[PDB]
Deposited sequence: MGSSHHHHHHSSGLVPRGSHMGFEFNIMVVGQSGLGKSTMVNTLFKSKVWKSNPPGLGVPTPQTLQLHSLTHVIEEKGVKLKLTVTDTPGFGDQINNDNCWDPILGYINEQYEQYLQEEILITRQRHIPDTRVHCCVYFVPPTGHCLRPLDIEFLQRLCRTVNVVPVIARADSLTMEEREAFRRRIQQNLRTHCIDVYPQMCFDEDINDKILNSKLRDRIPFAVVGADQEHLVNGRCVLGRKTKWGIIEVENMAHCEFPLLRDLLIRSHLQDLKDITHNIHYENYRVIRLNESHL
């Protein structure tokens, strides 16, 4: 009943806004932003439909702002490995699952800038290293800066770039198991990367209290599937694939880590 995710990407892409959007989603029936400068984690226990879930989201500093960005992935990778390390020591000492705190990163949400072009070399290098040790779901950040047509065309280009550079992204096609896993996973692969919009403000729209971005032309409703694809990301992580992500972390990624220990 513990689920951990991490937001990764260049600064100025709405990452910290998206962390708040996740905890503030109207889907939960429970209770409860400068340029982030170091890694810090926020933990809140949310209740979906009577089910209890301790959700931790780790927010990260950006990269790519400097002239030389070499090794800018080291803090993030260091965090992911230190959670694998801590878990191995705990499994050795206290043997039972019920008593081991799981701080392992079960999914990384990687924020791609909405350039409309294609994946930058910097993002390719970062993605190729993250997928080597963690689940990665990429998203088109701040996607309201593109039109509907432009999001779709940009999604396809990125999907092509991922294939060219062999970046196997979640849901990885090799781990498709049962007959109809693919029938539901291909529908998700076709949508990934999700074109997401983040909001930490509530607005009253036609008698409805919704999360949204208030602009001069209207309110962009981030939980409205006609406005953006945030509900797909929110449901993939928390509702439909939470267990599948945790299974892959523990059985593949974590087991691959102890091959060096």
property: Chain regions without C-alpha coordinates, deposited sequence numbering; result: 1-22, 55-60, 290-295
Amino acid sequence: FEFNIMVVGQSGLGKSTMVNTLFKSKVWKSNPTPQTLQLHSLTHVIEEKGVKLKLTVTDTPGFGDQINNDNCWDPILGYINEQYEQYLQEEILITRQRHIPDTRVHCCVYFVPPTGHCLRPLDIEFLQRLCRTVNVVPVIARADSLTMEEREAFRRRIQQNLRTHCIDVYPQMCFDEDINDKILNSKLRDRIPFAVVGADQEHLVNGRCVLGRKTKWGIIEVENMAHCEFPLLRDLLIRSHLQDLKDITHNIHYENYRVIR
From here on, numbers count along this sequence of modelled residues.
{"property": "Entry-level comparison of average CA B-factors, 203-211 and 61-69, reporting the higher stretch", "result": "61-69"}
{"property": "170-178 set against 99-107, stretch whose average Cα temperature factor tops the other in the entry", "result": "170-178"}
{"property": "Among 193, 231, 198, 50 - the residue whose C-alpha B-factor is largest in the record", "result": "50"}
{"property": "127, 137, 183, 188, ranked by C-alpha B-factor: the highest one", "result": "183"}
{"property": "Chain thirds of CA B-factor: placement of residue 5", "result": "middle"}
{"property": "Ranked C-alpha temperature factor of residue 86 among modelled chain residues, by third", "result": "highest"}
{"property": "Where the record places residue 251 (Cα B-factor, split into thirds across the chain)", "result": "highest"}
{"property": "Third assignment of residue 153 from its chain's C-alpha B-factors", "result": "lowest"}
{"property": "Chain-wide C-alpha B factor ranking for residue 92, given as lowest, middle or highest third", "result": "highest"}
